[PDB]
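First comes the structure, then the notes that go with it.
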Amino acid sequence: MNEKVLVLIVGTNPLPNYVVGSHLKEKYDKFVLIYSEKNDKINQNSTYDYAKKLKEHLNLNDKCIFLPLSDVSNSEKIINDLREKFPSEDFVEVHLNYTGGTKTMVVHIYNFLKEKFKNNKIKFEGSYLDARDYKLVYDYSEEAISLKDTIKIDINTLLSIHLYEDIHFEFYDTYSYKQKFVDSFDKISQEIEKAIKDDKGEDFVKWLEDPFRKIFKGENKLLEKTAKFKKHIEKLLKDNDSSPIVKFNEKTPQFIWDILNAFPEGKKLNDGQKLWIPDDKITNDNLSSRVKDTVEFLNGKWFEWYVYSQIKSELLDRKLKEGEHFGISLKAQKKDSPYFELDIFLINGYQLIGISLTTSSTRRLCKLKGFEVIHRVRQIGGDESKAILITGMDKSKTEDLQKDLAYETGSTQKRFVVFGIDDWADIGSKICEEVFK
Amino acid sequence: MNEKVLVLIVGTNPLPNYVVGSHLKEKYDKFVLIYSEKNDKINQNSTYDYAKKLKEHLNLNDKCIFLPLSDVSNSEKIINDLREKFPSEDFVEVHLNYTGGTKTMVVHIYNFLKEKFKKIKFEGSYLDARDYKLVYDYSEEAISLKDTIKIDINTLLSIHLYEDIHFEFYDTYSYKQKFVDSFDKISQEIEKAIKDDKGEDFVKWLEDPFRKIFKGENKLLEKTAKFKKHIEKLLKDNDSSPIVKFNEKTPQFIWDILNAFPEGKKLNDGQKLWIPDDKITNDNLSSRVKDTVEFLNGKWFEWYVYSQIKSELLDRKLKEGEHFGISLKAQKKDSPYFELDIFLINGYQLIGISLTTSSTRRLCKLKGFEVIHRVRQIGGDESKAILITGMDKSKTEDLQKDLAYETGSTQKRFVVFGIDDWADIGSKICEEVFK
RNA sequence: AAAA
Ligand SMILES: [Mn+2]
Ligand SMILES: [Mn+2]
Ligand SMILES: [Mn+2]
Ligand SMILES: [Mn+2]
């Protein structure tokens, strides 16, 4: 009969409320979720959907009371809505976490409840979740509890509370290309890994740009039709000794030939130390079978795999569980909305770390990739998420990009980190260091 | 000495504090800027730079009182700092605008001042980001600052720590010099075609055959050797040569655009593609085609969109160079520069506009991320980003919902326009920005 | 300016 209620303020960032609720739900009998109603005339959207997700993923059920506020920018209206809608039952403890919502919502909800329950029969408590030091702080009470390593969340819950659905991703055991280059993926992977370990990445990248991309990536679907491909080849042969084809046949490094010859016999782009040039007979379907997957993987997907493989090891040493706290090829969508793609995701406690990968050394493209990773992690994991971009650029460029796209939030730790070509061989350690600090 | 003090909480968004400060400045004798100190051990950065920029651009002089907080997440540390550092003079009114700062800063600065001062007039206010209203707690007023408070691009970028601001006016646009005496005729001819719903046909012709002919090796159009070899390669592919498509399948309205350039700047020799002779030096080739190609390759679209809104912004009494402009560039200290095609300021909301003739989903999406982040960096968290592309209507609606981020407003802060909007892009922007 |  001594009811204890926890009050949470539902803003546009559902994560903090989830963390606080997960930590305190066991000690409370009722939960009041104060949220915003929708009034387009005042440019105010509703946070009800967030409140619903919070109730669902925290299993509040019938203990949850939803309190709607008409205007979250007006004190008068907030106070009035409170006196009219706030639960009237007799409580012995009212706990308010005022981390979320508008500043006016926080001030007037706090003072309203402090007065309504000033009776010493009722204990009033105020809490705040600090995003900078991952701790729950109580008002007037030195008691400070770090929730950084105590509250955990899985990828599905994180995306769900942020209104994302149809979440799909891959495991190391379920990598798509492992099925496409069956019986050969492992050799292909090791050959590439050995090269990266031998500081050969920059050479591989340069070769991929020229002569590889000039040959296999010059048109929209040249590798889909034998005709166009043979034409592209014929055209290139006109440039003679400067042709990309000659460069491929005469100046391709041995380590690259080793990687190329690690592919299955029916999926190789070369016939000996020569480019395989389809004859007139080759069927368009035959061509695609032999070159599509191979070219796509070599055009970059390999880097994603390599970095993932380097990180899995270290993350297993830690408590992270694949599928829940880390994965590759993440895709999801908001209802009736276009899907997104994130190469690698990692969750440290309740912080999302998104990793985008590019083999590019060019400043312009890498810059754009940075904007992308920053926006995506914010959309799917919240405003306190970290974004990491792994590029094929040198240190000076990486440092410049970090300064270029840096945005201030009040924290001393960076939320946008850029790695470069010199970090590839030891990328796993570099990631472990940046993520787990 | 009936002194009246205004208290502001300095978060990482200085714009609302500047707006509230500019509105209430002439009513208060003292200003207490409460900001955070830096402490790496608690991952707490300092907002002192924003407080400095607020004092500078509000011209507070010695009437500004800096009040540092050591820990903006600790209620006891906040109260102790306030009790020891808040000015002790006799005030008849203490006005606290609690719009900025962390929630703990807001709660405990509000209750500390409400206890300390409230038969003395205590007042709390909050600037609504959604409806542009300064709401009072005790007087229960709600004054709209949407059309009252104005800010220029220099002040806006400076409070957000950006410096070395440069841009171009309508009458200082660069290409006007590249085509002296002829820029008008060139832009009017292009404008006439886009207003005639020829934009989609124009961009198709720019992708092929225009970019096949003039967009190859770096400096291709500045080296006769590179360019003549290139054309000779193209002529080899006679059946589908872009040179044949240029001469035989170019529509009439594009010939009128090409013929609008001066004689020494035309890509065409009569009704054919101009192929340079062997007497043509590197200087001759570059003088004829370099500026014409770069302008037709996309730069023309920046000028077109800018010219379609200039008259509509002057009708609304906005001042060029202060509230709108082209080719904005700036930077942070010792930091790389940024480039924004067009900027517009409605009241005190920044509207950044990124332009591209591209119809590709992937490239337009990357430009969407860029303009979203840039207007956030230089204009704050409540700025609007507009991306004008060449995609069809269905691709713009997808990209709009693709990059939409929920901040609590019903009005979208990321707007995407496409090829269907070019003919009336002036009205499409005016309605989106002001209505 | 709805985990500064
Ligand atoms: Mn009243
Ligand atoms: Mn599914
Ligand atoms: Mn990638
Ligand atoms: Mn542009």
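Keep in mind that the numbers below use all heavy atoms, side chains included, and drop hydrogens, waters and symmetry copies. We name chains A, B, ... by the order of the sequence lines, and we start the count at 1 in each one.
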Does A/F31 have any ring-ring contact (aromatic ring centres under 6.0 Å, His included) partners at least two apart in sequence or in another chain, and if so, which?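 Residues passing ring-ring contact (aromatic ring centres under 6.0 Å, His included) with A/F31: none at all.
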Mind checking if [X] touches a base, just sugar-phosphate, or nothing, with heavy atoms under 4.0 Å?
{"X": "B/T407", "answer": "base"}
{"X": "A/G101", "answer": "base"}
{"X": "A/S36", "answer": "base"}
{"X": "B/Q349", "answer": "nothing"}
{"X": "A/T47", "answer": "base"}

Under the rule for salt bridge (charged side-chain N to carboxylate O under 4.0 Å, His left out), what residues qualify as partners of A/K85, not counting sequence neighbours?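 With sequence neighbours excluded, A/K85 shows a salt bridge (charged side-chain N to carboxylate O under 4.0 Å, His left out) to A/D81, given in chain and number order.
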Grab the [atom1]-[atom2] distance between [X] and [N] for me, whole Å please.
{"X": "A/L163", "N": "C/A2", "atom1": "CG", "atom2": "P", "answer": "19 Å"}
{"X": "A/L129", "N": "C/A2", "atom1": "CG", "atom2": "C1'", "answer": "15 Å"}
{"X": "B/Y405", "N": "C/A2", "atom1": "OH", "atom2": "P", "answer": "12 Å"}
{"X": "A/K103", "N": "C/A2", "atom1": "NZ", "atom2": "P", "answer": "4 Å"}
{"X": "A/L352", "N": "C/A3", "atom1": "CG", "atom2": "P", "answer": "17 Å"}
{"X": "B/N45", "N": "C/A3", "atom1": "CG", "atom2": "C1'", "answer": "16 Å"}
{"X": "A/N97", "N": "C/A2", "atom1": "CG", "atom2": "P", "answer": "16 Å"}
{"X": "B/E406", "N": "C/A2", "atom1": "CD", "atom2": "P", "answer": "14 Å"}

Ring geometry between B/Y110 and B/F122 (parallel below 30°, tilted from 30 to 60°, perpendicular above 60°):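 Perpendicular, since the angle between the ring planes exceeds 60°.
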Give me the atom names and distance for the closest heavy-atom approach of B/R130 to B/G408.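 Minimum heavy-atom contact is CD-O, 3.8 Å.
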Is it true that a side-chain atom of A/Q44 and a backbone atom of A/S36 form a donor plus acceptor pair closer than 3.5 Å?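 Judged by distance alone, no pair lies under 3.5 Å.
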Does anything in residues 9-20 of chain B come within less than 4.0 Å of RNA chain C? Heavy atoms only, and list the residues if so.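 Within this stretch, B/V10, B/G11, B/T12, B/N13, B/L15, B/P16 sit under 4.0 Å of the strand.
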Could you walk me through whether A/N45 and B/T410 satisfy the side-chain hydrogen bond (donor to acceptor under 3.5 Å, both in side chains) test, starting with their C-alpha distance in whole Å, then the side-chain angles of each, then the deciding distance to 0.1 Å, before giving a yes or no? CA-CA 5 Å; A/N45 196 6; B/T410 52; over 6 Å; no
N/O (side chain, A/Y98) to phosphate O (OP1/OP2, C/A2) under 4.0 Å: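 For C/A2, neither OP1 nor OP2 has a side-chain N or O of A/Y98 closer than 4.0 Å.
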Could B/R374 and A/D404 be called an ion pair, given the rule that one side-chain N must be under 4.0 Å from one carboxylate O?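 Between A/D404 and B/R374 there is a salt bridge, with a charged N closer than 4.0 Å to a carboxylate O.
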